[PDB]
């Protein structure tokens, strides 16, 4: 979890093709009083990654949420999915280390975790 230039990265692996899920919209939100505030929005590259998802601003500890717009990813291929989108809520307790959040994606199932 050693620090990188940006505190947050994500990676989407299409378990059905064995290849990265490219051009997938992913948003980042910060938890506030009862609601959520959007910090950024980006699209995964040809390798299904967003190496720098946090906006170019000072980060703070607290609860956050990344929302993978995978339902749209599949709909664009005319494929159905049980999940319209996949929100992953997590906690950042140290702003001096890196957080990598991969998503192993299938149409009717998925896995996510804090990567290394």
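Positions refer to the first chain, counted from 1.
Engineer: Averaged over C-alpha atoms, is the B-factor higher for 36-44 or for 85-93 in this PDB entry?
Structural biologist: Between 85-93 and 36-44, it is 36-44 that shows the higher mean C-alpha B-factor.
Engineer: Comparing 49-57 with 27-35, which stretch shows the greater average C-alpha B-factor in the deposited entry?
Structural biologist: Going by the record's values, the stretch with the higher mean is 27-35.
Engineer: With respect to C-alpha B-factor, does residue 116 fall in the lowest, middle or highest third of the chain as deposited?
Structural biologist: Ranked within chain, residue 116 CA B lands in the highest tercile.
Engineer: Is residue 5 in the lowest, middle or highest third of its chain when residues are ranked by C-alpha B-factor?
Structural biologist: Middle third - that is where residue 5 ends up once the chain's C-alpha B-factors are sorted.
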